[PDB]
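Here is input_21.csv, consisting of CSV, C-alpha atoms and all ligand atoms:
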```csv
chain,number,residue,atom,x,y,z
A,73,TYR,CA,97.5,35.0,-174.9
A,74,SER,CA,95.1,37.9,-174.6
A,75,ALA,CA,95.1,37.9,-170.8
A,76,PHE,CA,92.1,40.2,-171.1
A,77,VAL,CA,91.1,40.4,-167.4
A,78,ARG,CA,88.9,43.5,-167.0
A,79,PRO,CA,87.0,45.2,-164.1
A,80,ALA,CA,83.7,43.5,-165.1
A,81,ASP,CA,80.3,45.0,-164.4
A,82,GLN,CA,78.7,44.1,-161.0
A,83,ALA,CA,82.1,44.7,-159.2
A,84,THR,CA,80.5,43.3,-155.9
A,85,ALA,CA,83.8,42.1,-154.4
A,86,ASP,CA,84.2,39.9,-151.3
A,87,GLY,CA,83.2,42.5,-148.7
A,88,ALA,CA,80.1,44.2,-150.3
A,89,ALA,CA,77.7,41.2,-150.0
A,90,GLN,CA,78.1,40.9,-146.2
A,91,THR,CA,78.0,44.7,-145.7
A,92,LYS,CA,74.7,44.7,-147.6
A,93,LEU,CA,73.3,42.1,-145.1
A,94,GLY,CA,75.0,44.2,-142.4
A,95,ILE,CA,76.7,41.2,-140.7
A,96,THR,CA,79.9,43.3,-140.3
A,97,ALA,CA,81.7,40.1,-139.3
A,98,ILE,CA,78.9,38.4,-137.1
A,99,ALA,CA,78.4,35.6,-139.7
A,100,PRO,CA,82.2,34.8,-139.7
A,101,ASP,CA,83.0,33.4,-136.3
A,102,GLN,CA,86.3,32.5,-134.6
A,103,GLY,CA,85.7,29.9,-131.9
A,104,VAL,CA,87.3,30.2,-128.5
A,105,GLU,CA,88.5,27.0,-126.7
A,106,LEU,CA,89.6,26.8,-123.1
A,107,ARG,CA,92.8,24.9,-122.1
A,108,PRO,CA,93.6,23.0,-118.9
A,109,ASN,CA,96.6,25.3,-118.4
A,110,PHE,CA,95.3,28.8,-119.2
A,111,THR,CA,96.1,32.4,-118.3
A,112,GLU,CA,93.4,34.0,-116.1
A,113,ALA,CA,93.1,36.5,-118.9
A,114,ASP,CA,92.2,33.6,-121.2
A,115,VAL,CA,89.5,32.7,-118.8
A,116,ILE,CA,88.4,36.3,-118.7
A,117,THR,CA,88.1,36.5,-122.5
A,118,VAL,CA,86.0,33.4,-122.4
B,1,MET,CA,90.4,14.9,-109.5
B,2,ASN,CA,89.0,16.7,-106.4
B,3,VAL,CA,85.3,17.5,-106.7
B,4,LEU,CA,84.3,20.7,-105.0
B,5,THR,CA,80.6,20.2,-104.0
B,6,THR,CA,78.9,17.0,-103.0
B,7,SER,CA,75.4,18.0,-103.9
B,8,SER,CA,73.9,20.3,-106.6
B,9,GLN,CA,71.7,23.4,-106.3
B,10,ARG,CA,68.5,21.3,-106.5
B,11,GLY,CA,69.2,18.3,-104.2
B,12,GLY,CA,71.0,15.5,-106.0
B,13,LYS,CA,73.9,13.2,-105.4
B,14,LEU,CA,76.8,14.3,-107.6
B,15,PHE,CA,78.8,11.6,-109.3
B,16,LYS,CA,82.2,11.8,-110.9
B,17,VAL,CA,82.3,10.0,-114.3
B,18,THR,CA,85.6,9.2,-116.0
B,19,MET,CA,85.7,8.4,-119.7
B,20,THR,CA,88.4,7.9,-122.4
B,21,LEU,CA,87.7,11.0,-124.5
B,22,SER,CA,87.1,10.7,-128.2
B,23,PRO,CA,87.6,13.3,-131.0
B,24,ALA,CA,83.8,13.6,-131.5
B,25,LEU,CA,83.2,14.3,-127.8
B,26,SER,CA,85.6,17.2,-127.7
B,27,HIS,CA,87.4,18.7,-130.7
B,28,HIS,CA,89.6,21.7,-131.1
B,29,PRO,CA,88.2,24.5,-133.3
B,30,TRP,CA,90.9,24.2,-135.8
B,31,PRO,CA,91.1,23.4,-139.6
B,32,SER,CA,92.3,19.8,-140.4
B,33,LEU,CA,91.3,16.7,-138.4
B,34,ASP,CA,89.4,17.0,-135.1
B,35,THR,CA,91.6,16.1,-132.1
B,36,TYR,CA,90.8,15.9,-128.5
B,37,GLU,CA,93.3,17.6,-126.3
B,38,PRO,CA,96.0,15.2,-125.2
B,39,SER,CA,96.0,16.1,-121.5
B,40,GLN,CA,92.3,15.1,-121.3
B,41,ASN,CA,92.9,11.6,-122.6
B,42,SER,CA,91.0,10.6,-119.5
B,43,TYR,CA,88.2,13.1,-118.9
B,44,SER,CA,86.3,13.5,-115.6
B,45,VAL,CA,82.8,15.0,-115.6
B,46,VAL,CA,80.7,15.6,-112.4
B,47,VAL,CA,77.0,15.3,-113.0
B,48,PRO,CA,73.8,15.1,-110.9
B,49,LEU,CA,72.0,11.7,-110.6
B,50,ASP,CA,69.3,12.9,-113.0
B,51,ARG,CA,71.6,13.7,-116.0
B,52,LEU,CA,73.9,10.7,-115.5
B,53,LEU,CA,71.8,8.5,-117.7
B,54,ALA,CA,71.7,10.9,-120.7
B,55,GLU,CA,75.4,11.9,-120.1
B,56,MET,CA,76.7,8.4,-120.2
B,57,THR,CA,74.5,7.2,-123.2
B,58,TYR,CA,76.0,10.0,-125.2
B,59,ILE,CA,79.6,9.2,-124.2
B,60,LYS,CA,79.1,5.6,-125.2
B,61,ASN,CA,77.3,6.4,-128.5
B,62,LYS,CA,80.5,8.2,-129.4
B,63,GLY,CA,83.7,6.3,-129.3
B,64,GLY,CA,83.9,7.0,-125.5
B,65,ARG,CA,83.8,4.2,-123.0
B,66,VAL,CA,83.4,4.7,-119.2
B,67,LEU,CA,86.5,4.0,-117.2
B,68,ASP,CA,84.7,4.3,-113.9
B,69,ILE,CA,81.9,6.1,-112.0
B,70,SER,CA,82.4,7.0,-108.4
B,71,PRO,CA,80.0,8.8,-105.9
B,72,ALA,CA,81.3,12.3,-105.2
B,73,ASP,CA,81.0,11.8,-101.5
B,74,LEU,CA,83.5,9.0,-101.3
B,75,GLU,CA,85.6,11.0,-103.8
B,76,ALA,CA,86.8,14.3,-102.5
B,77,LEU,CA,87.4,12.7,-99.2
B,78,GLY,CA,90.7,13.2,-97.5
B,79,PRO,CA,93.7,10.9,-98.2
B,80,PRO,CA,93.6,8.4,-95.3
B,81,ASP,CA,95.1,9.4,-92.0
B,82,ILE,CA,98.6,7.9,-91.5
B,83,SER,CA,98.3,8.5,-87.7
B,84,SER,CA,98.7,4.8,-86.7
B,85,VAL,CA,101.2,3.9,-89.4
B,86,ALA,CA,103.4,7.0,-89.1
B,87,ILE,CA,105.0,5.3,-86.1
B,88,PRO,CA,103.9,1.7,-86.3
B,89,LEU,CA,104.3,0.5,-82.7
B,90,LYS,CA,106.6,-2.6,-82.7
B,91,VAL,CA,106.1,-5.9,-81.0
B,92,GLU,CA,109.0,-7.9,-79.5
B,93,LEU,CA,108.7,-11.4,-78.3
B,94,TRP,CA,111.2,-11.8,-75.5
B,95,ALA,CA,112.5,-15.3,-74.6
B,96,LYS,CA,110.5,-16.5,-71.5
B,97,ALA,CA,107.6,-14.4,-72.6
B,98,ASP,CA,104.6,-14.3,-70.2
B,99,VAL,CA,101.3,-15.9,-71.3
B,100,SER,CA,99.9,-12.3,-72.1
B,101,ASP,CA,103.0,-11.1,-74.1
B,102,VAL,CA,102.7,-14.2,-76.4
B,103,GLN,CA,99.0,-13.4,-76.9
B,104,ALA,CA,99.9,-9.8,-77.9
B,105,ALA,CA,102.4,-10.9,-80.5
B,106,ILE,CA,99.9,-13.4,-82.0
B,107,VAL,CA,97.2,-10.7,-82.3
B,108,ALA,CA,99.6,-8.2,-83.8
B,109,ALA,CA,100.9,-10.7,-86.3
B,110,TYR,CA,97.5,-11.8,-87.5
B,111,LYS,CA,96.7,-8.1,-88.0
B,112,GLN,CA,99.8,-7.2,-90.1
B,113,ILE,CA,100.1,-10.6,-91.8
B,114,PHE,CA,96.5,-10.8,-92.9
B,115,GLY,CA,95.8,-7.1,-93.2
B,116,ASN,CA,92.8,-5.7,-91.4
B,117,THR,CA,91.1,-8.9,-92.6
B,118,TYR,CA,89.3,-10.7,-89.8
B,119,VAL,CA,90.4,-14.1,-88.8
B,120,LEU,CA,87.7,-16.3,-87.3
B,121,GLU,CA,88.4,-18.6,-84.3
B,122,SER,CA,88.0,-21.6,-86.6
B,123,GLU,CA,90.4,-20.0,-89.1
B,124,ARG,CA,93.0,-19.3,-86.4
B,125,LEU,CA,95.9,-21.8,-86.2
B,126,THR,CA,96.4,-23.6,-82.8
B,127,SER,CA,99.4,-25.7,-83.7
B,128,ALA,CA,101.6,-22.8,-84.8
B,129,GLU,CA,100.5,-20.7,-81.8
B,130,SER,CA,101.2,-23.7,-79.6
B,131,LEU,CA,104.9,-23.8,-80.7
B,132,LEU,CA,105.5,-20.1,-79.9
B,133,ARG,CA,105.3,-19.8,-76.1
B,134,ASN,CA,107.1,-23.1,-75.6
B,135,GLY,CA,110.0,-21.8,-77.5
B,136,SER,CA,111.2,-23.6,-80.6
B,137,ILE,CA,109.8,-21.2,-83.2
B,138,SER,CA,111.0,-17.7,-83.9
B,139,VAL,CA,108.4,-15.0,-84.5
B,140,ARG,CA,110.0,-15.0,-88.0
B,141,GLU,CA,109.2,-18.7,-88.3
B,142,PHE,CA,105.6,-18.1,-87.1
B,143,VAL,CA,105.3,-15.5,-89.9
B,144,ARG,CA,106.5,-18.1,-92.4
B,145,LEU,CA,103.9,-20.6,-91.2
B,146,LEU,CA,101.1,-18.0,-91.6
B,147,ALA,CA,102.0,-17.2,-95.2
B,148,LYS,CA,102.2,-20.9,-96.0
B,149,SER,CA,98.8,-21.4,-94.4
B,150,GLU,CA,95.8,-21.9,-96.7
B,151,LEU,CA,94.0,-19.0,-95.1
B,152,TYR,CA,96.5,-16.7,-96.7
B,153,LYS,CA,96.5,-18.4,-100.1
B,154,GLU,CA,92.7,-18.4,-100.2
B,155,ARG,CA,92.6,-14.7,-99.4
B,156,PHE,CA,95.5,-13.1,-101.2
B,157,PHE,CA,97.0,-15.5,-103.8
B,158,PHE,CA,94.2,-17.7,-105.0
B,159,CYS,CA,91.6,-15.0,-105.8
B,160,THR,CA,93.7,-12.1,-107.2
B,161,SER,CA,96.3,-12.1,-110.0
B,162,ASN,CA,100.0,-12.8,-109.2
B,163,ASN,CA,100.6,-9.2,-110.1
B,164,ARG,CA,98.2,-8.4,-107.3
B,165,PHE,CA,99.6,-11.0,-104.9
B,166,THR,CA,103.2,-9.6,-105.0
B,167,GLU,CA,102.4,-6.2,-103.7
B,168,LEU,CA,99.8,-7.7,-101.4
B,169,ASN,CA,102.7,-9.8,-100.1
B,170,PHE,CA,105.2,-7.0,-100.0
B,171,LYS,CA,102.8,-5.0,-97.7
B,172,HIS,CA,102.1,-7.9,-95.3
B,173,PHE,CA,105.7,-9.1,-95.0
B,174,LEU,CA,107.3,-5.7,-95.2
B,175,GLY,CA,105.6,-2.4,-94.5
B,176,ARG,CA,106.9,-1.3,-97.8
B,177,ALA,CA,104.9,-1.0,-101.0
B,178,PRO,CA,106.7,-2.4,-104.2
B,179,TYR,CA,109.2,-0.2,-105.9
B,180,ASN,CA,109.7,-0.7,-109.6
B,181,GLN,CA,108.4,-3.1,-112.2
B,182,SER,CA,111.4,-5.3,-111.7
B,183,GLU,CA,110.4,-6.6,-108.2
B,184,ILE,CA,107.0,-7.7,-109.6
B,185,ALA,CA,108.6,-9.4,-112.5
B,186,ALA,CA,111.2,-11.2,-110.4
B,187,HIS,CA,108.6,-12.6,-108.0
B,188,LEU,CA,106.5,-13.9,-110.9
B,189,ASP,CA,109.4,-15.8,-112.4
B,190,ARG,CA,110.3,-17.3,-109.0
B,191,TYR,CA,106.7,-18.5,-108.7
B,192,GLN,CA,106.8,-20.3,-112.1
B,193,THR,CA,109.7,-22.6,-111.5
B,194,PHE,CA,110.0,-22.7,-107.7
B,195,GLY,CA,106.3,-22.6,-106.9
B,196,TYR,CA,104.3,-20.8,-104.2
B,197,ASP,CA,106.5,-21.8,-101.2
B,198,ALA,CA,109.8,-20.5,-102.5
B,199,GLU,CA,108.3,-17.1,-103.3
B,200,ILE,CA,106.8,-16.9,-99.8
B,201,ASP,CA,110.2,-17.9,-98.4
B,202,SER,CA,112.1,-15.2,-100.4
B,203,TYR,CA,110.4,-12.3,-98.6
B,204,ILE,CA,111.1,-13.6,-95.1
B,205,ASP,CA,114.6,-14.7,-96.2
B,206,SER,CA,115.4,-11.3,-97.8
B,207,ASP,CA,117.8,-9.1,-95.9
B,208,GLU,CA,115.4,-6.2,-95.8
B,209,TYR,CA,113.1,-8.3,-93.7
B,210,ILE,CA,116.2,-9.2,-91.6
B,211,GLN,CA,117.4,-5.6,-91.3
B,212,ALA,CA,114.2,-4.3,-89.8
B,213,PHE,CA,112.3,-6.7,-87.5
B,214,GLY,CA,114.7,-9.5,-88.5
B,215,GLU,CA,113.8,-12.1,-85.8
B,216,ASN,CA,111.2,-12.2,-83.0
B,217,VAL,CA,109.7,-8.8,-84.0
B,218,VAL,CA,106.4,-8.9,-85.7
B,219,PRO,CA,106.5,-7.0,-89.0
B,220,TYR,CA,105.4,-3.3,-88.9
B,221,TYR,CA,104.7,-0.7,-91.6
B,222,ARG,CA,108.0,0.6,-92.8
B,223,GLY,CA,106.1,2.4,-95.6
B,224,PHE,CA,104.8,5.9,-94.7
B,225,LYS,CA,108.3,6.8,-93.4
B,226,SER,CA,111.5,7.2,-95.5
B,227,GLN,CA,113.4,4.0,-96.2
B,228,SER,CA,116.8,3.2,-97.8
B,229,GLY,CA,116.7,2.5,-101.5
B,230,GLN,CA,113.0,3.4,-101.7
B,231,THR,CA,111.8,5.5,-104.7
B,232,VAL,CA,109.7,8.5,-103.7
B,233,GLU,CA,106.8,7.1,-105.8
B,234,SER,CA,106.7,4.1,-103.5
B,235,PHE,CA,105.6,6.4,-100.7
B,236,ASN,CA,102.6,7.5,-102.8
B,237,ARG,CA,102.0,3.9,-103.7
B,238,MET,CA,101.6,3.1,-100.0
B,239,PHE,CA,98.6,5.4,-99.9
B,240,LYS,CA,97.1,3.4,-102.7
B,241,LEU,CA,97.8,0.0,-101.0
B,242,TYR,CA,96.7,1.2,-97.6
B,243,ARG,CA,93.3,2.8,-97.4
B,244,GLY,CA,92.5,4.0,-93.9
B,245,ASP,CA,92.2,1.9,-90.9
B,246,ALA,CA,89.3,-0.6,-90.9
B,247,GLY,CA,90.2,-1.0,-94.6
B,248,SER,CA,91.3,-4.5,-95.5
B,249,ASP,CA,92.5,-6.6,-98.4
B,250,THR,CA,89.3,-8.4,-99.1
B,251,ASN,CA,88.5,-11.2,-101.5
B,252,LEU,CA,84.9,-10.8,-100.2
B,253,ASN,CA,84.0,-7.5,-101.8
B,254,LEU,CA,82.6,-7.1,-105.3
B,255,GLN,CA,85.5,-7.8,-107.8
B,256,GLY,CA,87.3,-8.2,-104.6
B,257,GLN,CA,90.9,-8.6,-105.6
B,258,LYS,CA,92.2,-5.9,-108.0
B,259,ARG,CA,95.3,-3.8,-108.2
B,260,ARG,CA,95.8,-0.9,-105.8
B,261,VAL,CA,98.9,0.1,-107.7
B,262,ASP,CA,98.3,0.8,-111.4
B,263,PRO,CA,101.1,-0.8,-113.6
B,264,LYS,CA,102.1,2.5,-115.2
B,265,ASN,CA,102.9,4.0,-111.8
B,266,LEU,CA,105.4,1.2,-111.2
B,267,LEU,CA,106.9,1.8,-114.7
B,268,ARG,CA,107.4,5.5,-113.8
B,269,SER,CA,109.7,4.7,-110.9
B,270,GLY,CA,111.9,2.3,-112.8
B,271,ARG,CA,112.1,0.5,-116.2
B,272,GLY,CA,114.7,-1.6,-117.8
B,273,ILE,CA,113.9,-5.3,-117.7
C,1,LIG,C1,103.0,9.7,-136.2
C,1,LIG,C2,104.4,10.2,-136.3
C,1,LIG,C3,102.9,8.5,-135.3
C,1,LIG,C4,101.4,8.3,-134.9
C,1,LIG,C5,100.6,9.3,-134.5
C,1,LIG,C6,99.2,9.0,-134.4
C,1,LIG,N1,98.4,9.8,-133.5
C,1,LIG,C7,97.2,9.3,-133.6
C,1,LIG,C8,96.2,9.9,-132.9
C,1,LIG,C9,96.3,10.9,-132.1
C,1,LIG,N2,97.4,11.6,-131.7
C,1,LIG,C10,97.0,12.6,-131.0
C,1,LIG,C11,97.8,13.7,-130.6
C,1,LIG,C12,97.4,15.0,-130.5
C,1,LIG,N3,96.2,15.6,-130.6
C,1,LIG,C13,96.3,16.9,-130.2
C,1,LIG,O1,95.4,17.7,-130.1
C,1,LIG,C14,97.8,17.1,-130.0
C,1,LIG,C15,98.5,18.3,-129.6
C,1,LIG,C16,97.7,19.5,-129.3
C,1,LIG,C17,98.4,16.0,-130.3
C,1,LIG,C18,99.9,16.0,-130.5
C,1,LIG,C19,95.6,12.5,-130.6
C,1,LIG,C20,94.8,13.3,-129.7
C,1,LIG,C21,95.1,11.4,-131.3
C,1,LIG,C22,93.8,10.8,-131.2
C,1,LIG,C23,92.7,11.6,-131.7
C,1,LIG,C24,93.1,12.4,-132.9
C,1,LIG,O2,93.5,11.9,-133.9
C,1,LIG,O3,92.9,13.6,-132.9
C,1,LIG,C25,97.1,8.3,-134.5
C,1,LIG,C26,95.8,7.6,-134.9
C,1,LIG,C27,95.0,7.0,-133.8
C,1,LIG,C28,93.6,6.9,-134.1
C,1,LIG,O4,93.0,5.7,-134.0
C,1,LIG,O5,93.0,7.9,-134.5
C,1,LIG,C29,98.3,8.1,-135.0
C,1,LIG,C30,98.7,7.1,-136.0
C,1,LIG,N4,101.2,7.0,-134.9
C,1,LIG,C31,101.9,6.4,-135.9
C,1,LIG,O6,101.6,5.6,-136.7
C,1,LIG,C32,103.2,7.1,-135.9
C,1,LIG,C33,104.3,6.4,-135.1
```

Rewrite the structure of this file - the entire thing - as structure tokens.
Amino acid sequence: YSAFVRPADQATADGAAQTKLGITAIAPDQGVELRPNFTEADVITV
Amino acid sequence: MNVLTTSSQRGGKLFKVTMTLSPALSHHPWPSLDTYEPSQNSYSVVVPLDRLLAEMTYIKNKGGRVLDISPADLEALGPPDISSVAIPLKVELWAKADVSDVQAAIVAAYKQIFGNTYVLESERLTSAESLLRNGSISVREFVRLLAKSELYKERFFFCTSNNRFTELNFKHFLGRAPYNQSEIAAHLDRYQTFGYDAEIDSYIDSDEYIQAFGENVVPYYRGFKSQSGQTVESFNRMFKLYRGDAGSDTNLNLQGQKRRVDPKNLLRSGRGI
């Protein structure tokens, strides 16, 4: 039951890899879908 | 649905296409299973003649199947003018009618009884016509004869389904379009046991037929104006049963006898049976 965890070496984390490429959230994409009933705003954003 | 432009930027004949949508065709951008939106269970696309081929292949390669294709020009045309049927006219055969007045009633009858549909001279019935104008037959009785005549059966009842024939009958005998599923049901049952003749008889016999143009008045379109005990949806149905003037109930046209009123529409107005 050591529960040695530890910081580890590389310490890259989730964020660092993508910041290295420089995607800065271009690679992750949230799709936008239109609806038959939609606010004009929702159309605008589209 | 209304289509806004009949032809595309480069000249082409735009065609509405209606398909039953499938999850592959359109899918939400959600985790979990792909689902096409519910409202677009039936989906209408408007496409130039050129892309049609490729558009449809793809729809059918997916689970989609094509409900119908209509030219956009025929579509996005006004609802038919109700001018003539808004106030029908009315034709009354007086006792001791002059030779001309009898002729008018006959012509009017053939119109409403057989719809726009043309009746050839050979088709026309001398004996029945003979009896009116000597007396002895009511306009109502003439009506009966005409429905009983083979001409009518060949057109309306023999080609189309009995579901078709009942509304077809309603319109001819009464202006009205059918209200509710129940009426359609009732008539079919009557046909099974009693046979054709009794069903025909019931419409003419019915009090509604008596209450408006009961005797010696050729039937006129009660539909397209408000009537007692008529569901609002019936009015809309009338527009489906009646397309324009010069538009007829034709066994002649391709797949000639079909349903003007979709069964779901009837169910909307009333259900219970
Ligand atoms: C479950 C209680 C009952 C049931 C449901 C059931 N539904 C389907 C298929 C679909 N149902 C829907 C509904 C929606 N899609 C949406 O996007 C939305 C709201 C935004 C709804 C509510 C749709 C579109 C489908 C068809 C396509 C799809 O699955 O996305 C089925 C299976 C039908 C099939 O062949 O796929 C079933 C079983 N049916 C039951 O058995 C219960 C009574």

(message) Which residues are close to range 104-114 of chain A, i.e. within 10 Å by only C-alpha atoms, leaving aside same-chain residues fewer than 4 positions away? Reply as a list in words.
(response) residues 118 of chain A; 27, 28, 29, 30, 37, 39 and 40 of chain B

If you count all atoms listed in the file, which residues end up within 8 Å of ligand LIG 1 (chain C), as a PDB file with C-alpha atoms, in the coordinates of the input?
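Result file follows (part_24.pdb):
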```
ATOM      1  CA  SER B  22      87.100  10.700-128.200  1.00  0.00           C
ATOM      2  CA  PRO B  23      87.600  13.300-131.000  1.00  0.00           C
ATOM      3  CA  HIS B  27      87.400  18.700-130.700  1.00  0.00           C
ATOM      4  CA  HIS B  28      89.600  21.700-131.100  1.00  0.00           C
ATOM      5  CA  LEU B  33      91.300  16.700-138.400  1.00  0.00           C
ATOM      6  CA  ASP B  34      89.400  17.000-135.100  1.00  0.00           C
ATOM      7  CA  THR B  35      91.600  16.100-132.100  1.00  0.00           C
ATOM      8  CA  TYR B  36      90.800  15.900-128.500  1.00  0.00           C
ATOM      9  CA  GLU B  37      93.300  17.600-126.300  1.00  0.00           C
ATOM     10  CA  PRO B  38      96.000  15.200-125.200  1.00  0.00           C
ATOM     11  CA  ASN B  41      92.900  11.600-122.600  1.00  0.00           C
TER      12      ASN B  41
END
```

(request) Please provide as JSON, numbers by chain all residues within 9 Å of residue 156 in chain B, with the sequence filter that same-chain residues fewer than 2 positions apart are discarded (counting only C-alpha atoms). (result) {"B": [114, 151, 152, 153, 154, 158, 159, 160, 161, 164, 165, 168, 169, 249, 250, 251, 257]}

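Across the model, the gap from CA of residue 116 in chain B to CA of residue 246 in chain B is 6.2 Å.
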
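Here CA of residue 97 in chain B stands at a distance of 18.2 Å from CA of residue 110 in chain B.
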
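Between CA of residue 197 in chain B and CA of residue 247 in chain B lies a distance of 27.2 Å.
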